[PDB]
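Participant: Residue numbers (our numbering), protein chains in the order written: chain Y, 6 to 215; chain H, 383 to 470; chain E, 19 to 230.
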């Protein structure tokens, strides 16, 4: 009944500005205080600030003194948060929350990525050497995400697709599959790498080294 | 009378509304609060009505919604929020 | 600036025991401290408001106590939908502050990693790079160390590590370590070694390869 529709994911160039929204649904928007919180991937929450719709009073943290700018619109029932002078440290998930003391109703999460890299297709490299393990190295792609499957999804078990690490302002990702020593090299083991941001779909068959 | 609170009863109306000790009521339903008796009578008479409160916690404004608990009363259903007034 | 200190950061519990998460402060926040549960890849969820007052939605096994500068969140019978991050947020003064975070993971019999090593491919060598890969699949706990040796000498530059979330099946972790070099510096040494030190063994699990 009470929902907080946040803006979709955002990519921003370093030094630019962004302005995300948080449409509230299911209550008197002018009587409850809106709250904005930051969270970098893997770290703790960080209170950005709060705003009172109807009065327009916005109070930010001392760190977000001028980085964050909080606005509210009663008719559209939407609270906006603007980030100016963007750097690499602004890449994080931003949440909006209801009430002014404890945060009862939370939103979905607006993920902000601040980078200058252009859309780059991925490079797929095969990884060849009981039970055997094979790999698939996806290096130098932008932006996220990349879906990695094995044998068109048939190899569903024993697959560890590791998270993406940033290298040279691009993304690198490894994926391992473990099959019995009889189902290779006497069988077909293929990693299907799909990067829809560049409309690229690579199918790399793993063969033993020469 | 100084419109400041001393304590909030747990699991009461002012607890779920976000009111805390030391908070200062400033506005009720838009209009300012010049007489504490007006806020007292609004909490008393209305038994389950959403009251918009602009308080000043630590000197900074905050907007909350208070819904008084319909405490049983002989004359009529009375409103109890669980607020303890400032000690005089 | 009230600094909430949430200790410890990670606690491993068998799915069925009790959990008492701590959250010490720095100034008197009285009872103005609330607890939030964040499941992996989700948004926070309000559990307990004002130290001990329960919310209308959380199960009966979630409670808590404390006052002033010491708080404790208690979970009775831990179900599978209770693991993840837990944060404490104070609302006493300005600015509002959250806790450092406490991670609730599932406990598992100490498993050893399945270490595999892979040399660079000809595709990458065509463009001028060379990435050596080391996979460490299925081990417990997540605490593990890995080191790269080039001809016996440890190297620190070019290493990129990536950890997986705790698996939903065997409840173990996995790590990927990529040593990225140029083709030139890769074509100047023969032995490449990935050695992993873990709690399961007093001696490291070593996987090496020679270029020829």
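Built from N, CA and C at the ideal position, the CB exists for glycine as well.
Tell me where the alpha helix (DSSP H) around residue 190 of chain E begins and ends.
Facilitator: It is not in any alpha helix (DSSP H) - residue 190 of chain E carries neither H nor E in the DSSP assignment.
Participant: May I ask you to list the residues that DSSP assigns as paired with residue 208 of chain Y?
Facilitator: In the DSSP output, where bridge partners are listed per residue, residue 208 of chain Y has Y/197.
Participant: Here's the rule: buried if 16 or more other CB atoms are within 10 angstroms of the residue's CB, otherwise exposed. What is residue 436 of chain H?
Facilitator: Residue 436 of chain H comes out buried.
Participant: Cβ of residue 51 of chain Y less than 8 Å from any chain E Cβ?
Facilitator: Interface residue, yes.
Participant: Just grab the DSSP bridge partners of residue 78 of chain Y for me.
Facilitator: Paired residue(s): Y/83.
Participant: Answer with buried or exposed for residue 463 of chain H, where buried requires no fewer than 16 other C-beta atoms within 10 angstroms of its C-beta.
Facilitator: Answer is buried; the Cβ neighbour count reaches 16.
Participant: Counting only beta-carbon atoms, is residue 76 of chain Y nearer than 8 Å to chain H?
Facilitator: It does not; no Cβ of chain H falls within 8 Å.
Participant: Does residue 403 of chain H get closer than 8 Å to chain E when you measure Cβ to Cβ?
Facilitator: It does; some Cβ of chain E falls within 8 Å.
Participant: Who are residue 423 of chain H's beta bridge partners in DSSP?
Facilitator: Answer by DSSP bridge pairing: none, since residue 423 of chain H is not bridged.
Participant: Quick one: Cα of residue 23 of chain E to Cα of residue 42 of chain E, how far?
Facilitator: When rounded, the distance between both Cα atoms is 5 Å.
Participant: For the beta strand (DSSP E) that residue 37 of chain Y lies in, which residues bound it at each end?
Facilitator: No beta strand (DSSP E) holds residue 37 of chain Y; DSSP gives it neither H nor E.
Participant: If we count Cβ pairs, one from each stretch, closer than 8 Å, do we get three or more for the region 47-56 of chain E versus the region 140-153 of chain E?
Facilitator: No, they do not touch.
Participant: To the nearest angstrom, how far is the alpha carbon of residue 194 of chain E from that of residue 96 of chain Y?
Facilitator: Going from the Cα of residue 194 of chain E to the Cα of residue 96 of chain Y covers about 23 Å.
Participant: When you compare each of H/453, H/443 and H/389 to residue 427 of chain H by their alpha carbons, which one comes out closest?
Facilitator: With distances taken between Cα atoms, residue 427 of chain H lies closest to H/453.
Participant: Would you call the region 25-35 of chain Y and the region 79-92 of chain Y in contact, with 3 or more CB pairs under 8 Å?
Facilitator: Contact between the region 25-35 of chain Y and the region 79-92 of chain Y is present, because at least three Cβ pairs lie under 8 Å.
Participant: By the criterion of Cβ-Cβ separation under 9 Å, what are the contact partners of residue 440 of chain H in chain E?
Facilitator: Chain E residues near residue 440 of chain H: 110, 111 and 112.
Participant: For residue 172 of chain Y and residue 198 of chain E, which I take to be in contact (beta-carbon distance under 8 Å), what is that distance rounded to the nearest angstrom?
Facilitator: So it is a contact: roughly 7 Å between Cβ atoms.
Participant: Counting only runs of 4+ residues fully inside the region 168-230 of chain E, write out the alpha helix (DSSP H) ranges in chain order.
Facilitator: Counting only runs of 4 or more, we get 201-204.
Participant: Does any residue of chain H have a CB that is nearer than 8 Å to the CB of residue 105 of chain Y?
Facilitator: True, the Cβ-Cβ gap to chain H drops below 8 Å.
Participant: Is residue 452 of chain H close to chain E? Criterion is C-beta to C-beta, closer than 8 Å.
Facilitator: No, no contact with chain E.
Participant: With a Cβ-Cβ cutoff of 8 Å, do residue 102 of chain E and residue 91 of chain E count as a contact?
Facilitator: Taking 8 Å as the Cβ cut-off, residue 102 of chain E and residue 91 of chain E do not qualify as a contacting pair.
Participant: Who are residue 83 of chain E's beta bridge partners in DSSP?
Facilitator: E/90, per the DSSP bridge assignment.
Participant: If you reduce the DSSP assignment to three classes, tell me which class residue 160 of chain E lands in.
Facilitator: The answer is coil: DSSP assigns residue 160 of chain E none of H, G, I, E or B.
Participant: Measure from the alpha carbon of residue 100 of chain Y to the alpha carbon of each residue in Y/151, Y/108 and Y/112, then state which is nearest.
Facilitator: Of the candidates Y/151, Y/108 and Y/112, the one whose C-alpha sits nearest the C-alpha of residue 100 of chain Y is Y/112.
Participant: Here's a check: name, in chain order, each residue in its chain whose Cβ is nearer than 6 Å to the Cβ of residue 105 of chain Y, leaving out the five neighbours to either side.
Facilitator: Closer than 6 Å at Cβ, skipping near neighbours: 38.
Participant: Tell me, to the nearest whole angstrom, how far the beta carbon of residue 143 of chain Y is from that of residue 151 of chain Y; I am working on the premise that it is less than 8 Å.
Facilitator: Indeed they touch by this definition, with Cβ atoms about 6 Å apart.
Participant: Give me the subset of the region 205-220 of chain E whose CB atoms are less than 9 Å from a CB atom of chain Y, sorted by chain position.
Facilitator: So nothing in the stretch comes that close.
Participant: I think residue 19 of chain Y touches residue 92 of chain Y, with their Cβ atoms under 8 Å apart; what is that distance to the nearest whole Å?
Facilitator: The pair is a contact, with the Cβ atoms about 6 Å apart (cut-off 8 Å).
Participant: Span of the alpha helix (DSSP H) holding residue 188 of chain Y?
Facilitator: Neither: residue 188 of chain Y is in no alpha helix (DSSP H) and is coded neither H nor E.
Participant: I want to see whether chain Y comes within less than 8 Å of residue 115 of chain E, judged by CB atoms only; does it?
Facilitator: It does: the Cβ of residue 115 of chain E has a partner Cβ on chain Y nearer than 8 Å.
Participant: Assuming residue 49 of chain Y and residue 118 of chain E make a contact with CB atoms under 8 Å, what is their CB distance in whole Å?
Facilitator: Contact flag correct, Cβ pair sits at about 5 Å.
Participant: Under 8 Å between beta-carbons, which chain H residues line up against residue 54 of chain E? List them in chain order, please.
Facilitator: Correct list: empty, because the minimum Cβ distance to chain H is about 15 Å.
Participant: Alpha carbon to alpha carbon, how far is residue 225 of chain Y from residue 200 of chain Y?
Facilitator: With chain Y running from 6 to 215 in the structure shown, residue 225 of chain Y is simply not present.
Participant: Taking Cβ-Cβ distances below 9 Å as the criterion, which residues of the region 52-69 of chain Y are in contact with chain H?
Facilitator: Here the close residues are 55, 57, 58, 59, 60, 62 and 64.
Participant: Output needed in chain order: residues of the region 136-165 of chain Y with a Cβ under 7 Å from some Cβ in chain E.
Facilitator: Within the region 136-165 of chain Y, the qualifying residues are 138, 140, 142, 144 and 165.
Participant: Pull up the DSSP beta-bridge partners for residue 152 of chain E, would you.
Facilitator: Beta-bridge pairing links residue 152 of chain E to E/135 and E/195.
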